[PDB]
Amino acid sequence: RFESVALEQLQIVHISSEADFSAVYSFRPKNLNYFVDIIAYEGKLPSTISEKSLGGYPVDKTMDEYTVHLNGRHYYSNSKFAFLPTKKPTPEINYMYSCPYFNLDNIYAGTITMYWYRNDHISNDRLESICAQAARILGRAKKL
């Protein structure tokens, strides 16, 4: 079952990155990516989202994160949170780092993302490895 893999990889990414909040995002419909859901999270939810309304958020494909991901690169920023399911600017988040993951047919299917509320985090080189390992394993799983 796919989210079994998602939640197990996320737990590892969360602990190794020492993030304050982490999530796996999933695009729908397949190959079209008009919407994005949080299908797994670790840590404390940002105040601007609730345990309700974690799914069905529209995807803005002109956002830098979307295009950087399709260039095969990870994305970080201090203020742009494209798929976080709220339009509120959420200044309590100091930092975000994400990588794409691709489904079994190599289609951009979602992201693995870590967030920090504090302003101290480990280097992007270590975050790159943590994220890429999980994307490699999530990329081999299916949807029952």
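Residues carry their position along the shown sequence, with the first being 1.
- For the pair 46-54 and 89-97, the mean B factor over Cα atoms is greater in 46-54.
- Among the modelled residues of its chain, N124 has a C-alpha B-factor that falls in the middle third, as given in the PDB entry.
- Split the chain's modelled residues into thirds by C-alpha temperature factor. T111 is in the lowest one.
- Among all modelled residues in its chain, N103 ranks in the highest third by Cα B-factor.
- Per-chain ranking of the deposited C-alpha B factor places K30 in the highest third.
- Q133: CA B factor in the middle third of modelled residues in this chain (values from the PDB entry).
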